[PDB]
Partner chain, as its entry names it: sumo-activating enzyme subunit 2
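Starting off, we have a lone chain in the form deposited without its partner chain, written out as structure tokens.
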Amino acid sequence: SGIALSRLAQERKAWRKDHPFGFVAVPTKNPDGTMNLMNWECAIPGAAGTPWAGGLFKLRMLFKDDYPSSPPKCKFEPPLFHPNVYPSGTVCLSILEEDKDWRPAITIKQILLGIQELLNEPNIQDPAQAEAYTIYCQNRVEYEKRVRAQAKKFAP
């Protein structure tokens, strides 16, 4: 656990010094009240001028003991309508799979910015949920209408 905790302390220090505006990333607490660097509560703001604008989308970031060998599991809570988000809330993204594009050097900031980019540009070769994928393919106007409604629902 020393390797993960040392890296996670480095990430926290960097994040607090400089992070993208409107984003949140904060470790949680253990039952005894001490800091739990393995479980972070995060939020991603929708990009201005997009259907996601005005929404603030809460996500949990869960680190395994072998981090940064492995990527964190990133899970929208509550789950979101998006073609590449599983119904569970888990994000499907190549940088978040050890055997795909994860690299140990990737930072929490890079992950959250990567997920923000995913929100506004789905990967249609990578569908994780049937409904959002089907609507994206069949009617982009309806898709955006649904995204706008969701953004309003999660206005901060």
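Positions refer to the first chain, counted from 1.
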*Comparing 3 to 11 with 147 to 155, which stretch shows the greater average C-alpha B-factor in the deposited entry?*
147 to 155
*Stretch exceeding the other in mean C-alpha B-factor - 136 to 144, 21 to 29*: 136 to 144
*Going by the CA temperature factor in the entry, name the top one among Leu112, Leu96, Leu119, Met35.*
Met35
*Among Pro45, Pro127, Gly89, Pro68, which residue carries the highest C-alpha B-factor recorded in the PDB entry?*
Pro127
*asked:* How does the C-alpha B factor of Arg60 compare with the rest of the chain: lowest, middle or highest third?
replied: lowest
_Is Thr107 in the lowest, middle or highest third of its chain when residues are ranked by C-alpha B-factor?_
lowest
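The discussion below concerns the form solved in complex with its partner chain, not included here.
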*Sequence order please: the residues of 1 to 18 with a heavy atom within 4.5 Å of its partner chain in the deposited complex.*
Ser1, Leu5, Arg12, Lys13, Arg16, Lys17
